[PDB]
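# Structure assessment
Residue-level listing of the chains:
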Amino acid sequence: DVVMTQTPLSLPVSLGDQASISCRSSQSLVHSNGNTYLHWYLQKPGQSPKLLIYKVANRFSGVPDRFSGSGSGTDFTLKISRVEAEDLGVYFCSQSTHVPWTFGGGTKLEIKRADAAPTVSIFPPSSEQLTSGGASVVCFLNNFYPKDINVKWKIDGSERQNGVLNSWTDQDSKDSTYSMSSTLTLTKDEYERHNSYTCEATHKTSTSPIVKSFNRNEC
Amino acid sequence: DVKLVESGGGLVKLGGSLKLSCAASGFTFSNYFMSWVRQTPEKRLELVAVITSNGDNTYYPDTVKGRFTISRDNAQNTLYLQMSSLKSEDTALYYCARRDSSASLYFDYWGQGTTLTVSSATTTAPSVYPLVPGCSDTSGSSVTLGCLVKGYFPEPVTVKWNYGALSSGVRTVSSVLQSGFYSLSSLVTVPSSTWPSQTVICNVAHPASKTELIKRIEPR
């Protein structure tokens, strides 16, 4: 059982800048025939893994010259020169020199870029959900960098987190921005005892918050 | 083009049995070693089954040996994985994979995968609710719309817009688990001119409950 060990576990780098992923193996990956069966797979958000490199250094047809693999015995590296935006994903090294075939646990290649403000959109519940006795209020933070952000809810001026759920998209492959939604789920009854609904976002790359609000009596 | 399409996935009780299938096409199936490779929730990959081209020899890691059976029907271009005595550890996205034919011992093609969820919980279809502006000033250069998908199990769901035609600007957040049910939301932003000047629709798929749904995003 060959433990394959990758570092770093997460790698952020800026467009055009190069990145280096290391893969170290418990044992030597030189087969008794001298061939070295060490491959690289990239898995992009929401897809299968696809081969990039097989046997240390051979690019699968389709793969650009930016990518290259190197090393021997137990020590292997993959290099990405003009990191493009489409290159983000999870890079896995795999060995099939020894049975069982094994994978490293992967390395997340994040993109780095200039900070960016959310466009904030807030959504009252739908009459459909209301009819069923529920009321989810949604606040959507679109196209922002970095990943970290707190959103909080205020009902008639006063804070709420019970029944709040937050959730991020994967980093966008074109703009390298993130989005996220926060969802405050009440009962229709509790929703209808209050007028004002407000979501407030902060992140630590602003000393101010961004606010978006609606009033029920204004529907 | 080569493709691999898996099915069989779903939810199953501890100690139960399931049979996954994989339809292969665009290559001479008969000439290629096949395999199943699974990806756990913690996102790690594990080879679980290998079968030779003629289906004469099989291999399994110690993890599943005795419990898993890989087979292939070379006549019907189909690969199978029979699973038994299911542990919770077996919960994973199961990929059907092809080996190269040059004995460089790599996987050259992977399907989209099917999901196995091993638990005592119940398969439950989603509800979809529109996300539509209101009760506030919504004006100007663009309009952001969406679908909120709640109360489903197991995962995953897929959301599309206009049967795939609307791909651009779409943001779909990861699903979140709460009191045994998943939820997510998908949103798209478009020009204020084009809505409600056309009817805008979201397409929600939950395979495990063999559910497909359409919601049209109306106003007011």
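Numbering of residues starts from 1 on every chain and follows the order in which that chain's sequence is written, so it may differ from the entry's own numbering; residues lacking coordinates are left out. All chains are assigned letters beginning with A, and all ligands numbers beginning with 1, in the order in which they are written. Side-chain measures were taken over the full set of non-hydrogen atoms in the model, leaving aside hydrogen atoms and water. Residues with missing side-chain atoms are left out of burial classes, side-chain pairs and their counts.

## What to know about the sheet that holds strand β18 (residues 196-202) of chain A
Residue and element names in this part refer to chain A. For two strands to count as paired, DSSP must find a minimum of two bridges between them. Strands are runs of DSSP state E lasting at least 2 residues, helices are runs of H or I lasting at least 4, and numbering of each runs from the N terminus. Strand order across the open sheet formed by four strands is β15-β14-β18-β19, with antiparallel pairing between neighbours. Every interior strand has two partners, whereas the edge strands, β15 (158-160) and β19 (210-215), have only one. Strand-to-strand, the axes of this sheet are offset by a mean angle of 30°, without reference to chain direction. By the bridge criterion, six bridges tie strand β14 (residues 150-155) to β18 in an arrangement that is antiparallel. In the sheet register, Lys154 faces β18, and the bridge partner there is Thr198. Whenever a helix is involved, its axis is fitted only over the stretch in contact; in every case the axis is a line through C-alpha atoms, and angles between N-to-C directions fall within 0 to 180 degrees.

## Comments concerning the interface of chain A and chain B
Throughout, a contact is declared for two residues whenever any of their heavy atoms are within 4.5 Å. Tallying the contact residues gives 49 residues for chain A and 42 residues for chain B. As used here, buried area is the combined drop in accessible area, with a 1.4 Å probe, of two parts when they are placed together. Taken together, the two surfaces of chain A and chain B that pack against each other cover about 3700 Å², and 64% of this comes from carbon and sulfur. Contact with chain B buries area across many residues of chain A, yet A:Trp101, A:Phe103 and A:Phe123 alone supply 18% of it, more than any other trio. Any carboxyl oxygen of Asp or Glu within 4 Å of a side-chain nitrogen of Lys or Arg constitutes a salt bridge here. Linking chain A with chain B are one salt bridge, by the criterion used here. The partner of A:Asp172 in a salt bridge is B:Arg171, and the shortest N-O contact between them spans 3.7 Å. Definition of a polar contact: a pair of N or O atoms within 3.5 Å, with one able to donate and the other able to accept a hydrogen when the atoms are protein atoms, and with sequence-neighbouring residues admitted only if both atoms are side-chain atoms. At the junction of chain A and chain B, the tally comes to 13 residue pairs in polar contact. Contributions of two or more residues to the side of chain A that touches chain B are made by β4 (38-43), β5 (49-54), β12 (119-123), α1 (127-131), β13 (134-144), β16 (164-168), β17 (178-187) and β19 of chain A. The dominant element in the side of chain A that touches chain B, judged by the number of residues it contributes, is β17(A), at six residues. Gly falls in the polar group here, along with every residue not listed as nonpolar (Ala, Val, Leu, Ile, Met, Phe, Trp, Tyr, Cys, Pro) or charged (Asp, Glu, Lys, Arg). In the side of chain A that touches chain B, the residues fall into 21 nonpolar, 23 polar and five charged.

## Regarding the environment of A:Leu78
Residue placement: A:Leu78 occurs in strand β8 (residues 75-80). Residues in contact with A:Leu78, not counting those within four places in the same chain, are A:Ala19, A:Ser20, A:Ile21, A:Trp40, A:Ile53, A:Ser68, A:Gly69 and A:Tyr91.

## Structural notes on the state of the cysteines
Throughout, disulfides are identified as pairs of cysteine sulfur atoms within 2.5 Å of each other. Counted according to the given criterion, the structure contains five disulfides over all chains. Disulfide pairing places A:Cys23 opposite A:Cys93 at an S-S distance of 2.1 Å. The sign of the 75° torsion about the S-S bond sets the A:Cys23-A:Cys93 disulfide as right-handed. Residue A:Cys23 is found in strand β3 (residues 19-25), and its partner A:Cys93 is found in strand β9 (residues 89-95); the two are separated by 70 residues along the sequence. A 1.4 Å probe rolled over the protein chains alone gives each residue an accessible area, and that area as a share of the maximum for its type sets the label: buried under 20%, exposed over 50%, partly exposed in between. The class for A:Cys93 is buried, based on a relative accessible area of 0%. Disulfide pairing is shown between A:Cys219 and B:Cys135; the S-S distance is 2.0 Å. One disulfide, between A:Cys219 and B:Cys135, carries an S-S torsion of 110° and so falls in the right-handed class. Here A:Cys219 is found in the segment after β19, whereas its partner B:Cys135 is found in the loop between β12 (127-131) and β13 (143-152) on a different chain.

## A word on the layout of surface pockets
Detection works on a 1 Å grid of protein atoms alone, calling trapped sets that fit a 1.4 Å probe cavities and calling open sets with protein on both sides within 12 Å along at least five of seven lines pockets, with lining residues defined by an atom within 4 Å of a point. Grid points are joined across faces, edges and corners, and a volume is the space filled by probe spheres set on the points. When its volume is computed, the second largest pocket comes out at roughly 420 Å³. Lining the second largest pocket are 18 residues; nearest its centre among them are A:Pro125, A:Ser126, A:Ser127, B:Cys135 and B:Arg220. Here the lining of the second largest pocket takes three residues from α1(A), the largest share from any one element. The residue makeup of the lining of the second largest pocket, split by class, is 10 nonpolar, three polar and five charged.

## Let's talk about the domain arrangement of chain B
All names here are of chain B. Here chain B is described as being made up of domain 1 (1-121) and domain 2 (122-219). Residue-level contacts link seven residues of domain 1 with seven residues of domain 2. Summing both sides of the interface, domain 1 and domain 2 together bury roughly 440 Å²; the carbon and sulfur share of this comes to 68%. The tally of links from domain 1 across to domain 2 stands at zero salt bridges. Where domain 1 touches domain 2, the interface holds zero residue pairs in polar contact. When residues of the side of domain 1 that touches domain 2 are traced back to their parent elements, those giving at least two are β2 (10-12) and β11 (114-118). Of the residues that constitute the side of domain 1 that touches domain 2, the class distribution is two nonpolar, five polar and no charged. Where a domain begins and ends is set by an automatic assignment or by a domain database.

## A closer look at the nonpolar core
In terms of nonpolar packing, the biggest core is built from 43 residues, with A:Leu38, A:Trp40, A:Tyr41, A:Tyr91, B:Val37 and B:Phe107 touching the most fellow members. Within this scheme, the nonpolar core is defined by two criteria: the residues are buried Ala, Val, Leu, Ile, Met, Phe, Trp, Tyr or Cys, and they are joined through side-chain atoms within 4.5 Å. Grouped together as the second largest cluster of nonpolar side chains are 27 residues, B:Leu4, B:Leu18, B:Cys22 and B:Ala49 included.

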